[PDB]
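Heads up, final31.txt below (compact mmCIF, C-alpha atoms and all ligand atoms):
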# COMPACT_ATOMS: atom_id res chain seq x y z
CA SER A 2 3.20 -22.21 -25.93
CA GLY A 3 0.87 -21.15 -23.15
CA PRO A 4 -1.29 -18.06 -22.65
CA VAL A 5 -1.24 -15.44 -25.36
CA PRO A 6 -0.87 -11.76 -24.42
CA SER A 7 -3.52 -9.09 -24.06
CA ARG A 8 -3.59 -5.25 -24.08
CA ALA A 9 -6.08 -2.69 -22.87
CA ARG A 10 -8.09 -1.26 -25.74
CA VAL A 11 -8.13 2.24 -24.18
CA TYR A 12 -5.51 4.22 -22.28
CA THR A 13 -3.00 1.59 -23.34
CA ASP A 14 0.15 3.69 -23.31
CA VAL A 15 -0.53 6.46 -20.83
CA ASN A 16 2.22 5.40 -18.42
CA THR A 17 4.76 4.81 -21.18
CA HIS A 18 4.56 8.51 -22.10
CA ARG A 19 4.81 9.77 -18.54
CA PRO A 20 7.94 10.84 -16.72
CA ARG A 21 9.32 7.89 -14.80
CA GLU A 22 8.43 9.78 -11.61
CA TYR A 23 4.70 9.43 -12.32
CA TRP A 24 4.61 5.63 -12.11
CA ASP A 25 7.92 4.72 -10.39
CA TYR A 26 6.38 4.76 -6.93
CA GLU A 27 9.36 2.98 -5.37
CA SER A 28 11.46 6.09 -6.07
CA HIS A 29 8.86 8.47 -4.63
CA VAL A 30 10.02 10.73 -1.79
CA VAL A 31 7.17 11.21 0.67
CA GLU A 32 6.63 14.78 1.83
CA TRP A 33 5.62 14.61 5.49
CA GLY A 34 3.12 16.79 7.31
CA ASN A 35 2.89 17.55 11.04
CA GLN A 36 1.41 14.72 13.09
CA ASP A 37 0.58 17.30 15.78
CA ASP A 38 -2.12 18.74 13.50
CA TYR A 39 -4.38 15.71 13.99
CA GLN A 40 -6.12 14.23 17.02
CA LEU A 41 -7.65 10.78 16.83
CA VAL A 42 -11.30 10.69 17.94
CA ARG A 43 -12.47 7.09 17.54
CA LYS A 44 -11.47 3.93 15.73
CA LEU A 45 -13.70 3.16 12.75
CA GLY A 46 -12.22 -0.16 11.63
CA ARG A 47 -9.19 -2.29 10.90
CA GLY A 48 -8.26 -3.80 7.56
CA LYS A 49 -5.69 -6.44 6.87
CA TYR A 50 -3.21 -3.59 6.32
CA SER A 51 -4.44 -0.55 8.24
CA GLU A 52 -6.48 0.89 11.07
CA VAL A 53 -8.88 3.73 10.23
CA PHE A 54 -9.87 6.51 12.64
CA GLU A 55 -12.19 9.44 12.72
CA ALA A 56 -9.95 12.36 13.63
CA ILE A 57 -9.92 16.13 13.77
CA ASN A 58 -7.51 18.64 12.26
CA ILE A 59 -6.81 20.85 15.30
CA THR A 60 -5.55 23.62 13.01
CA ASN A 61 -9.00 24.26 11.50
CA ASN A 62 -11.41 22.11 13.59
CA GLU A 63 -12.31 20.12 10.45
CA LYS A 64 -13.04 16.41 10.54
CA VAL A 65 -10.69 14.07 8.69
CA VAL A 66 -10.18 10.34 8.42
CA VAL A 67 -6.79 8.91 9.35
CA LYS A 68 -5.63 5.59 7.93
CA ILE A 69 -2.59 4.27 9.80
CA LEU A 70 -0.85 1.78 7.54
CA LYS A 71 0.16 -1.45 9.28
CA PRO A 72 3.71 -2.86 8.80
CA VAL A 73 2.59 -4.19 5.39
CA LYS A 74 4.89 -4.94 2.49
CA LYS A 75 6.66 -1.57 2.49
CA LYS A 76 6.47 -1.22 -1.32
CA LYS A 77 2.67 -1.18 -1.12
CA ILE A 78 2.70 1.97 1.04
CA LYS A 79 4.50 4.11 -1.53
CA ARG A 80 2.24 2.62 -4.24
CA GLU A 81 -0.94 3.75 -2.48
CA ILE A 82 0.53 7.19 -1.68
CA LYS A 83 1.73 7.83 -5.22
CA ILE A 84 -1.59 6.68 -6.73
CA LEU A 85 -3.54 8.90 -4.33
CA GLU A 86 -1.33 11.88 -5.17
CA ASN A 87 -1.59 11.23 -8.91
CA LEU A 88 -5.39 11.03 -8.73
CA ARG A 89 -5.96 13.89 -6.29
CA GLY A 90 -8.65 16.29 -7.46
CA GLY A 91 -10.20 13.83 -9.91
CA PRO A 92 -13.98 13.34 -10.01
CA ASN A 93 -15.26 11.32 -7.06
CA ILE A 94 -11.72 10.28 -5.98
CA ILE A 95 -11.10 10.44 -2.21
CA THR A 96 -8.77 13.37 -1.48
CA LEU A 97 -5.50 12.69 0.36
CA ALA A 98 -5.12 15.80 2.52
CA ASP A 99 -1.85 14.95 4.30
CA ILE A 100 0.63 12.20 5.16
CA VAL A 101 2.14 12.10 8.66
CA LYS A 102 4.34 9.68 10.59
CA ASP A 103 2.21 8.23 13.38
CA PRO A 104 4.15 8.48 16.66
CA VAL A 105 2.87 5.19 18.07
CA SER A 106 3.03 2.82 15.09
CA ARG A 107 5.96 4.75 13.52
CA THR A 108 4.39 4.07 10.10
CA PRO A 109 2.77 6.42 7.58
CA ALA A 110 -0.71 7.70 8.38
CA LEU A 111 -2.79 8.91 5.45
CA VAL A 112 -5.10 11.82 6.21
CA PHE A 113 -8.17 11.96 4.00
CA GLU A 114 -10.82 14.61 3.48
CA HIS A 115 -13.74 13.82 5.75
CA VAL A 116 -16.40 11.48 4.41
CA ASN A 117 -19.51 10.32 6.24
CA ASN A 118 -18.66 6.89 7.68
CA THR A 119 -21.46 5.45 5.52
CA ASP A 120 -20.46 3.06 2.80
CA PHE A 121 -22.49 2.01 -0.17
CA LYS A 122 -23.12 -1.47 1.23
CA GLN A 123 -25.49 0.14 3.77
CA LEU A 124 -27.58 1.79 1.01
CA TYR A 125 -27.25 -0.07 -2.30
CA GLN A 126 -30.06 -2.58 -1.63
CA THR A 127 -32.52 0.24 -0.87
CA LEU A 128 -32.16 2.71 -3.73
CA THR A 129 -34.78 3.63 -6.27
CA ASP A 130 -34.18 2.90 -9.96
CA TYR A 131 -33.22 6.54 -10.52
CA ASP A 132 -30.69 6.53 -7.68
CA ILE A 133 -29.06 3.29 -8.87
CA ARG A 134 -28.50 5.00 -12.23
CA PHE A 135 -27.33 8.22 -10.58
CA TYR A 136 -24.78 6.61 -8.29
CA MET A 137 -23.56 4.20 -10.98
CA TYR A 138 -22.81 7.22 -13.16
CA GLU A 139 -20.90 8.81 -10.27
CA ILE A 140 -18.83 5.64 -9.81
CA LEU A 141 -18.12 5.58 -13.55
CA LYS A 142 -16.74 9.14 -13.41
CA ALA A 143 -14.18 7.92 -10.87
CA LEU A 144 -13.29 4.80 -12.85
CA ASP A 145 -12.88 6.59 -16.15
CA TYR A 146 -10.69 9.15 -14.42
CA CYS A 147 -8.36 6.63 -12.80
CA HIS A 148 -8.20 4.48 -15.94
CA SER A 149 -7.38 7.61 -18.01
CA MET A 150 -4.57 8.26 -15.50
CA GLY A 151 -3.13 4.77 -16.06
CA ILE A 152 -4.44 3.21 -12.85
CA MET A 153 -6.65 0.21 -12.13
CA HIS A 154 -8.45 0.12 -8.81
CA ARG A 155 -8.65 -3.71 -8.51
CA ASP A 156 -10.94 -3.68 -5.47
CA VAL A 157 -14.25 -2.25 -6.65
CA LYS A 158 -16.92 -3.39 -4.18
CA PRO A 159 -19.66 -1.71 -2.13
CA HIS A 160 -17.48 -1.22 0.97
CA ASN A 161 -15.04 0.87 -1.14
CA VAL A 162 -17.68 3.40 -2.14
CA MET A 163 -18.44 6.03 0.47
CA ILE A 164 -21.72 7.84 -0.01
CA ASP A 165 -23.23 10.99 1.49
CA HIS A 166 -26.79 10.27 0.44
CA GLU A 167 -28.16 13.46 1.96
CA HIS A 168 -25.87 15.51 -0.33
CA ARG A 169 -25.87 13.01 -3.25
CA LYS A 170 -22.08 12.74 -3.22
CA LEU A 171 -19.90 9.69 -3.63
CA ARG A 172 -16.19 8.87 -3.27
CA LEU A 173 -14.22 5.83 -4.43
CA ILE A 174 -11.87 4.88 -1.58
CA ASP A 175 -9.21 2.32 -0.56
CA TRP A 176 -6.61 2.51 -3.27
CA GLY A 177 -4.34 0.06 -1.42
CA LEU A 178 -4.80 -2.64 -4.09
CA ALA A 179 -4.61 -0.26 -7.07
CA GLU A 180 -1.82 -0.60 -9.62
CA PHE A 181 -0.36 1.21 -12.59
CA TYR A 182 -1.28 -0.32 -15.94
CA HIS A 183 1.76 -1.12 -18.08
CA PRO A 184 0.98 -2.87 -21.40
CA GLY A 185 2.18 -6.46 -21.38
CA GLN A 186 2.80 -6.61 -17.63
CA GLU A 187 1.69 -9.67 -15.71
CA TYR A 188 -0.14 -8.86 -12.47
CA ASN A 189 -1.03 -10.72 -9.30
CA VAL A 190 -4.44 -12.38 -9.68
CA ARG A 191 -5.02 -12.35 -5.88
CA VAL A 192 -6.87 -9.03 -6.01
CA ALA A 193 -10.55 -8.03 -5.66
CA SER A 194 -13.03 -9.49 -3.19
CA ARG A 195 -14.35 -12.99 -4.05
CA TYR A 196 -17.79 -12.05 -5.31
CA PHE A 197 -16.35 -9.20 -7.45
CA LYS A 198 -13.42 -11.10 -9.00
CA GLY A 199 -13.39 -11.19 -12.82
CA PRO A 200 -13.09 -14.47 -14.72
CA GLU A 201 -9.54 -13.46 -15.67
CA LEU A 202 -8.55 -13.72 -12.02
CA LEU A 203 -10.45 -16.95 -11.47
CA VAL A 204 -8.74 -18.70 -14.41
CA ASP A 205 -5.31 -17.31 -13.41
CA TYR A 206 -4.81 -15.01 -16.44
CA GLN A 207 -2.27 -12.40 -15.35
CA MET A 208 -2.15 -9.92 -18.25
CA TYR A 209 -5.36 -8.12 -17.26
CA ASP A 210 -6.17 -4.40 -17.36
CA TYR A 211 -8.68 -1.66 -16.40
CA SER A 212 -11.51 -3.89 -17.65
CA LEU A 213 -11.25 -5.92 -14.42
CA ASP A 214 -12.88 -2.97 -12.65
CA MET A 215 -15.75 -3.05 -15.17
CA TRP A 216 -16.54 -6.67 -14.29
CA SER A 217 -16.57 -5.74 -10.60
CA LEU A 218 -18.88 -2.83 -11.40
CA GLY A 219 -21.16 -5.18 -13.27
CA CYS A 220 -21.36 -7.44 -10.22
CA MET A 221 -22.43 -4.43 -8.15
CA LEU A 222 -25.03 -3.42 -10.75
CA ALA A 223 -26.49 -6.93 -10.92
CA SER A 224 -26.75 -7.09 -7.14
CA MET A 225 -28.59 -3.75 -7.05
CA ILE A 226 -31.07 -4.21 -9.92
CA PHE A 227 -31.90 -7.82 -8.98
CA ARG A 228 -31.75 -7.34 -5.17
CA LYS A 229 -29.45 -10.35 -4.91
CA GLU A 230 -26.48 -10.04 -2.57
CA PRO A 231 -24.12 -11.15 -3.96
CA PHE A 232 -25.12 -11.85 -7.51
CA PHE A 233 -22.48 -14.59 -8.00
CA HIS A 234 -22.36 -16.39 -4.65
CA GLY A 235 -19.35 -18.69 -4.72
CA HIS A 236 -18.29 -20.62 -1.65
CA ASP A 237 -14.60 -20.29 -2.64
CA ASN A 238 -12.64 -18.98 -5.63
CA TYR A 239 -13.30 -22.14 -7.66
CA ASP A 240 -17.03 -22.29 -7.00
CA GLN A 241 -17.08 -18.58 -7.85
CA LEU A 242 -16.30 -19.44 -11.48
CA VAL A 243 -18.98 -22.17 -11.42
CA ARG A 244 -21.55 -19.65 -10.17
CA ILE A 245 -20.61 -17.37 -13.07
CA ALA A 246 -20.86 -20.25 -15.55
CA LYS A 247 -24.38 -21.07 -14.32
CA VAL A 248 -25.43 -17.62 -15.58
CA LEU A 249 -23.17 -16.94 -18.59
CA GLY A 250 -22.81 -20.57 -19.72
CA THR A 251 -19.82 -22.84 -20.16
CA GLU A 252 -19.47 -22.59 -23.97
CA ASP A 253 -18.51 -18.90 -23.83
CA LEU A 254 -16.17 -19.72 -20.92
CA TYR A 255 -14.36 -22.36 -22.94
CA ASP A 256 -14.22 -19.97 -25.92
CA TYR A 257 -12.57 -17.38 -23.65
CA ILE A 258 -10.08 -19.95 -22.33
CA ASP A 259 -9.42 -21.04 -25.92
CA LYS A 260 -8.90 -17.47 -27.21
CA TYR A 261 -6.28 -16.60 -24.58
CA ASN A 262 -4.74 -20.10 -24.69
CA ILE A 263 -5.32 -20.50 -20.93
CA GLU A 264 -4.70 -23.85 -19.23
CA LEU A 265 -7.72 -24.19 -16.94
CA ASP A 266 -6.90 -25.66 -13.51
CA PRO A 267 -7.84 -29.37 -13.74
CA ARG A 268 -9.82 -29.10 -10.51
CA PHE A 269 -12.55 -27.43 -12.58
CA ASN A 270 -13.16 -30.63 -14.60
CA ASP A 271 -15.26 -32.24 -11.86
CA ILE A 272 -17.20 -29.07 -10.83
CA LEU A 273 -17.85 -26.82 -13.84
CA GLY A 274 -20.46 -29.00 -15.56
CA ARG A 275 -22.25 -27.92 -18.71
CA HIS A 276 -24.44 -24.82 -18.58
CA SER A 277 -26.20 -22.67 -21.13
CA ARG A 278 -26.43 -18.92 -20.82
CA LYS A 279 -29.55 -17.79 -19.00
CA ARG A 280 -31.59 -14.92 -20.31
CA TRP A 281 -31.46 -12.02 -17.84
CA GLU A 282 -35.24 -12.20 -17.31
CA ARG A 283 -34.64 -15.33 -15.23
CA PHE A 284 -33.47 -13.03 -12.40
CA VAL A 285 -36.43 -10.62 -12.51
CA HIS A 286 -39.19 -11.09 -9.94
CA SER A 287 -41.94 -9.12 -8.23
CA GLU A 288 -39.59 -7.58 -5.67
CA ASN A 289 -37.00 -6.23 -8.12
CA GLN A 290 -38.97 -5.60 -11.31
CA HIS A 291 -39.22 -1.83 -10.72
CA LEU A 292 -35.38 -1.67 -10.91
CA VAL A 293 -35.13 -3.58 -14.20
CA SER A 294 -35.60 -1.98 -17.62
CA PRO A 295 -34.48 -3.00 -21.11
CA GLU A 296 -31.68 -0.44 -20.82
CA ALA A 297 -30.48 -1.82 -17.47
CA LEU A 298 -30.34 -5.37 -18.85
CA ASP A 299 -28.54 -4.30 -22.02
CA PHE A 300 -25.99 -2.35 -20.00
CA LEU A 301 -25.41 -5.19 -17.54
CA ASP A 302 -25.05 -7.65 -20.40
CA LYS A 303 -22.15 -5.59 -21.79
CA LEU A 304 -20.30 -5.46 -18.47
CA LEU A 305 -20.64 -9.13 -17.43
CA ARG A 306 -18.72 -10.73 -20.32
CA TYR A 307 -16.00 -13.34 -19.87
CA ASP A 308 -13.70 -11.73 -22.46
CA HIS A 309 -12.22 -8.70 -20.68
CA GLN A 310 -11.52 -7.10 -24.08
CA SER A 311 -15.20 -7.15 -24.98
CA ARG A 312 -16.58 -5.38 -21.86
CA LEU A 313 -17.66 -1.76 -22.09
CA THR A 314 -15.01 0.69 -21.02
CA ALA A 315 -15.93 3.24 -18.39
CA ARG A 316 -16.46 5.96 -20.97
CA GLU A 317 -18.52 3.69 -23.22
CA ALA A 318 -20.60 2.77 -20.17
CA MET A 319 -21.28 6.47 -19.47
CA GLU A 320 -22.64 6.74 -23.05
CA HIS A 321 -25.17 3.96 -22.48
CA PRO A 322 -28.95 4.66 -22.81
CA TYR A 323 -29.38 3.51 -19.20
CA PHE A 324 -28.03 6.94 -18.18
CA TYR A 325 -30.14 9.08 -20.53
CA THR A 326 -32.64 9.69 -17.70
CA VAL A 327 -29.95 10.88 -15.25
CA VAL A 328 -29.71 14.65 -15.12
CA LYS A 329 -26.30 15.71 -16.33
CA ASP A 330 -24.38 17.91 -13.85
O1 LIG A 401 -19.81 -7.21 8.28
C1 LIG A 401 -19.29 -6.81 7.21
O2 LIG A 401 -19.21 -5.60 6.90
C2 LIG A 401 -18.74 -7.82 6.25
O3 LIG A 401 -18.87 -7.31 4.92
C3 LIG A 401 -18.29 -8.17 3.93
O4 LIG A 401 -16.89 -8.44 4.13
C4 LIG A 401 -16.02 -7.34 3.84
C5 LIG A 401 -15.06 -7.27 5.02
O5 LIG A 401 -15.75 -6.79 6.18
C6 LIG A 401 -13.89 -6.35 4.73
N1 LIG A 401 -12.93 -6.49 5.80
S1 LIG A 401 -11.98 -5.25 6.14
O6 LIG A 401 -11.38 -5.50 7.43
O7 LIG A 401 -12.88 -3.90 6.23
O8 LIG A 401 -10.94 -5.10 5.15
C7 LIG A 401 -13.21 -6.74 3.44
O9 LIG A 401 -12.68 -8.08 3.58
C8 LIG A 401 -11.39 -8.16 2.95
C9 LIG A 401 -10.33 -8.51 3.99
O10 LIG A 401 -9.03 -8.44 3.40
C10 LIG A 401 -10.58 -9.92 4.54
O11 LIG A 401 -11.76 -9.90 5.34
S2 LIG A 401 -11.69 -10.05 6.87
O12 LIG A 401 -13.02 -10.38 7.31
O13 LIG A 401 -11.19 -8.65 7.54
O14 LIG A 401 -10.77 -11.09 7.25
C11 LIG A 401 -10.75 -10.95 3.41
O15 LIG A 401 -9.45 -11.14 2.80
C12 LIG A 401 -9.38 -12.40 2.12
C13 LIG A 401 -8.83 -12.10 0.73
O16 LIG A 401 -9.85 -11.47 -0.05
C14 LIG A 401 -8.37 -13.37 0.01
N2 LIG A 401 -7.71 -13.01 -1.23
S3 LIG A 401 -7.89 -13.96 -2.50
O17 LIG A 401 -7.56 -13.20 -3.66
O18 LIG A 401 -9.42 -14.50 -2.54
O19 LIG A 401 -6.99 -15.09 -2.39
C15 LIG A 401 -7.48 -14.27 0.89
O20 LIG A 401 -6.20 -13.65 1.20
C16 LIG A 401 -5.20 -14.69 1.39
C17 LIG A 401 -4.20 -14.70 0.24
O21 LIG A 401 -3.46 -15.93 0.24
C18 LIG A 401 -3.22 -13.54 0.35
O22 LIG A 401 -3.94 -12.33 0.19
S4 LIG A 401 -3.76 -11.47 -1.06
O23 LIG A 401 -3.89 -10.09 -0.71
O24 LIG A 401 -4.93 -11.87 -2.13
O25 LIG A 401 -2.45 -11.71 -1.63
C19 LIG A 401 -2.54 -13.48 1.72
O26 LIG A 401 -1.62 -14.57 1.87
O27 LIG A 401 -3.52 -13.50 2.76
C20 LIG A 401 -4.44 -14.60 2.72
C21 LIG A 401 -5.39 -14.49 3.88
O28 LIG A 401 -5.37 -13.46 4.58
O29 LIG A 401 -6.17 -15.44 4.11
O30 LIG A 401 -8.24 -14.54 2.06
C22 LIG A 401 -8.46 -13.37 2.86
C23 LIG A 401 -9.05 -13.85 4.18
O31 LIG A 401 -10.43 -14.10 3.98
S5 LIG A 401 -11.23 -15.06 4.88
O32 LIG A 401 -10.42 -16.21 5.19
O33 LIG A 401 -11.62 -14.31 6.28
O34 LIG A 401 -12.42 -15.44 4.16
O35 LIG A 401 -11.71 -10.50 2.45
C24 LIG A 401 -11.40 -9.23 1.87
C25 LIG A 401 -12.42 -8.91 0.82
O36 LIG A 401 -12.26 -7.88 0.13
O37 LIG A 401 -13.40 -9.68 0.69
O38 LIG A 401 -14.18 -6.65 2.40
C26 LIG A 401 -15.24 -7.60 2.54
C27 LIG A 401 -16.10 -7.50 1.29
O39 LIG A 401 -16.70 -6.20 1.22
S6 LIG A 401 -17.95 -6.05 0.29
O40 LIG A 401 -17.68 -6.82 -0.89
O41 LIG A 401 -18.15 -4.65 -0.03
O42 LIG A 401 -19.21 -6.67 1.13
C28 LIG A 401 -18.97 -9.53 3.96
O43 LIG A 401 -20.29 -9.45 3.44
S7 LIG A 401 -20.58 -10.34 2.23
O44 LIG A 401 -19.21 -10.38 1.34
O45 LIG A 401 -20.90 -11.67 2.69
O46 LIG A 401 -21.65 -9.81 1.42
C29 LIG A 401 -18.98 -10.16 5.36
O47 LIG A 401 -17.67 -10.65 5.68
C30 LIG A 401 -19.44 -9.17 6.43
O48 LIG A 401 -20.87 -9.03 6.41
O1 LIG A 402 -8.98 5.12 1.32
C1 LIG A 402 -9.33 4.61 2.40
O2 LIG A 402 -8.87 3.53 2.79
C2 LIG A 402 -10.39 5.37 3.19
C3 LIG A 402 -10.72 6.66 2.80
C4 LIG A 402 -11.71 7.36 3.50
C5 LIG A 402 -12.32 6.72 4.56
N1 LIG A 402 -11.97 5.49 4.92
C6 LIG A 402 -11.03 4.79 4.28

Could you render the structure as structure tokens?
Ligand SMILES: O=C(O)[C@@H]1O[C@@H](O[C@H]2[C@H](O)[C@@H](NS(=O)(=O)O)[C@@H](O[C@H]3[C@H](O)[C@@H](OS(=O)(=O)O)[C@H](O[C@H]4[C@H](O)[C@@H](NS(=O)(=O)O)[C@@H](O[C@H]5[C@H](O)[C@@H](OS(=O)(=O)O)[C@H](O)O[C@H]5C(=O)O)O[C@@H]4COS(=O)(=O)O)O[C@H]3C(=O)O)O[C@@H]2COS(=O)(=O)O)[C@H](OS(=O)(=O)O)[C@@H](O)[C@@H]1O
Ligand SMILES: O=C(O)c1cccnc1
Amino acid sequence: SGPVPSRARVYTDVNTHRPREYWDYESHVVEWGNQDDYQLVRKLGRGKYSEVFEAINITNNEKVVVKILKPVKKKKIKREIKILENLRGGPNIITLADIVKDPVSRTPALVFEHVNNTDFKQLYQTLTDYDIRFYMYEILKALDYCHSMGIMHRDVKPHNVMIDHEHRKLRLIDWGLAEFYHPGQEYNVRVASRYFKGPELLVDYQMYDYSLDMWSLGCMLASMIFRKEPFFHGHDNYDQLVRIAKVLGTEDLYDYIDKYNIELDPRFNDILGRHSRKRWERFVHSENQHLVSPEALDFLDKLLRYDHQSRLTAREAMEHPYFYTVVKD
């Protein structure tokens, strides 16, 4: 009767072995810093849930970024704080330096280590082959770390990667959609940005895991090596699945639906069509061919798979031959 369950194949039980305090973010007691330490310099942007400012720590003259959380569903604030505290110090994870109560909004303001207000979307269509491999490896360090800590990011996309290209440093940011992975839990499918949403989300399969982030990463990789922004260019969440099926084929999609006993939304019957998988060479052309190698195509092929259980994990991805040419350390 209805969809059958799924588990992560790695890091399945990390939260079950933790003290309740690790993952029970609703019970977390925020420790507050001194709002007087920070002076706002200029507004950088405004999300659905926050406003972000360049700021200065007056106590040491060091630049920081301040993210003032909007009203929001209040539970989501403690979730982001606890995740950021749990991950602090991990490889390529943005560092939460402080949490203060903003005097004007009267809401929490997260103070982050300074990063150059340059996100990966500004650079990722201009990198050399070597730099694509280098920065993909850096992103994978962050994803394996958070997955190993029981956390899925759920919003991997170029705007959530901050890059200091002069210093060859990268940080994975915006943990406001991240969640703790609990085996057998059903999650909200209204996560990730349209072009980066995994098939599990698009077919309304709720028992997903860390492997969602590996699909999103694959969408970023495909966009970079093929110079196609985005790779899967859906006009809405339904057409998004059709765009995927035009590349990966409908037979493997129906096999995925069949395996997890998913009831596909009947609105797909008139739009999905019948498609065969395309060989990845179809996307290679004179402008992108210097970014494509057998290793890049084999790696991408193992990320962009309908069945979330079949995708490479972050650690398996770091083992791939695509990264043999990247200098380690
Ligand atoms: O100039 C640019 O830089 C732009 O870059 C790319 O767009 C990025 C946005 O700039 C960025 N905005 S943010 O202010 O920095 O955060 C961010 O967009 C996300 C925002 O939340 C929002 O974008 S907005 O322009 O600020 O309005 C938009 O949110 C969508 C949700 O994704 C969508 N969720 S769903 O799962 O598809 O259903 C839905 O939310 C509705 C839903 O019912 C409920 O939300 S929930 O959280 O899923 O539960 C809730 O009820 O709210 C609903 C709602 O608000 O409508 O729709 C909203 C609204 O979207 S829309 O109607 O304006 O289309 O998209 C978010 C997102 O992550 O996409 O990030 C994007 C992407 O960054 S990137 O992938 O790195 O590029 C764009 O460039 S490109 O994508 O064309 O290549 C472009 O907009 C621009 O070029
Ligand atoms: O995590 C965030 O939302 C963030 C972190 C650093 C810079 N800007 C945003």

For this session: Pick out the closest residue to residue 171 of chain A from this set: A:119, A:108, A:147, A:189. Count only C-alpha atoms.
Result: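 Of A:119, A:108, A:147, A:189, the one nearest residue 171 of chain A, counting only C-alpha atoms, is A:119.
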
Around ligand LIG 401 (chain A), with edges along x, y and z and 6 Å added on all six sides, what centre and edge lengths do you get, in Å to one decimal, as AutoDock Vina command-line options?
--center_x -11.6 --center_y -10.1 --center_z 2.3 --size_x 32.0 --size_y 24.3 --size_z 23.9

Problem set entry | Separation of atom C12 of ligand LIG 401 (chain A) from atom CA of residue 216 of chain A in Å |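 Here the two named atoms are 18.8 Å from each other.
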
For this session: Give the residue list for ligand LIG 402 (chain A) at 6 Å, counting only C-alpha atoms and all ligand atoms, as JSON, numbers by chain, sorted by chain and then by residue number.
Result: {"A": [66, 113, 174, 175, 176]}

Problem set entry | Nearby residues, ligand LIG 401 (chain A), 7 Å, all atoms listed in the file, as number ranges by chain | A: 46-49, 122, 158-161, 190-196, 230-231, 238

For this session: Could you tell me how far atom CA of residue 240 of chain A lies from atom CA of residue 197 of chain A, in Å and to one decimal?
Result: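 Pair atom CA of residue 240 of chain A / atom CA of residue 197 of chain A returns 13.1 Å.
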
Nearby residues, (-14.4, -29.1, -13.1) file frame, 12 Å, only C-alpha atoms, as a short mmCIF file (atom, residue, chain, number, x, y, z; two decimals) with C-alpha atoms, in the frame of the given file:
data_model
loop_
_atom_site.label_atom_id
_atom_site.label_comp_id
_atom_site.auth_asym_id
_atom_site.auth_seq_id
_atom_site.Cartn_x
_atom_site.Cartn_y
_atom_site.Cartn_z
CA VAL A 204 -8.74 -18.70 -14.41
CA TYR A 239 -13.30 -22.14 -7.66
CA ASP A 240 -17.03 -22.29 -7.00
CA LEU A 242 -16.30 -19.44 -11.48
CA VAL A 243 -18.98 -22.17 -11.42
CA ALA A 246 -20.86 -20.25 -15.55
CA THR A 251 -19.82 -22.84 -20.16
CA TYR A 255 -14.36 -22.36 -22.94
CA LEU A 265 -7.72 -24.19 -16.94
CA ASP A 266 -6.90 -25.66 -13.51
CA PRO A 267 -7.84 -29.37 -13.74
CA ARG A 268 -9.82 -29.10 -10.51
CA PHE A 269 -12.55 -27.43 -12.58
CA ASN A 270 -13.16 -30.63 -14.60
CA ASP A 271 -15.26 -32.24 -11.86
CA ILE A 272 -17.20 -29.07 -10.83
CA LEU A 273 -17.85 -26.82 -13.84
CA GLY A 274 -20.46 -29.00 -15.56
CA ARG A 275 -22.25 -27.92 -18.71
#

For this session: Skip residue 223 of chain A itself and residues of its chain fewer than 4 positions away, then list as a count of residues only all residues within 8 Å of it, counting only C-alpha atoms.
Result: 6

Problem set entry | Sel. within 12 Å of pt (-36.9, 4.4, -5.7), counting all atoms listed in the file, output as a PyMOL selection string | chain A and resi 124-135+225-226+289-293

For this session: Show which residues sit within 8 Å of residue 12 of chain A, as number ranges by chain. Count all atoms listed in the file, and ignore same-chain residues fewer than 6 positions away.
Result: A: 148-151

Problem set entry | Distance query residue 104 of chain A at most 10 Å, all atoms listed in the file, self and fewer than 4 positions along chain excluded, as a ChimeraX atom specification | /A:36-37,108-110

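Nearest to residue 217 of chain A of all the residues A:287, A:170, A:305, A:53 is A:305, counting all atoms listed in the file.
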
Write segment 247-252 of chain A as a compact mmCIF listing (two decimals), keeping the file's coordinate frame, completed to N, CA, C and O atoms.
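This is the output file out-v2.txt:
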# COMPACT_ATOMS: atom_id res chain seq x y z
N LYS A 247 -22.96 -20.72 -14.36
CA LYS A 247 -24.38 -21.07 -14.32
C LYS A 247 -25.26 -19.97 -14.88
O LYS A 247 -26.43 -20.21 -15.20
N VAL A 248 -24.73 -18.76 -14.98
CA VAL A 248 -25.43 -17.62 -15.58
C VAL A 248 -25.01 -17.39 -17.03
O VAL A 248 -25.85 -17.23 -17.91
N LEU A 249 -23.68 -17.29 -17.26
CA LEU A 249 -23.17 -16.94 -18.59
C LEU A 249 -22.95 -18.14 -19.50
O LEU A 249 -22.77 -17.95 -20.73
N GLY A 250 -22.97 -19.35 -18.95
CA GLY A 250 -22.81 -20.57 -19.72
C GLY A 250 -21.36 -21.01 -19.82
O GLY A 250 -20.42 -20.21 -19.72
N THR A 251 -21.17 -22.30 -20.04
CA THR A 251 -19.82 -22.84 -20.16
C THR A 251 -19.24 -22.70 -21.57
O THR A 251 -18.00 -22.65 -21.69
N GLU A 252 -20.05 -22.66 -22.63
CA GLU A 252 -19.47 -22.59 -23.97
C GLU A 252 -18.70 -21.29 -24.16
O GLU A 252 -17.61 -21.31 -24.73
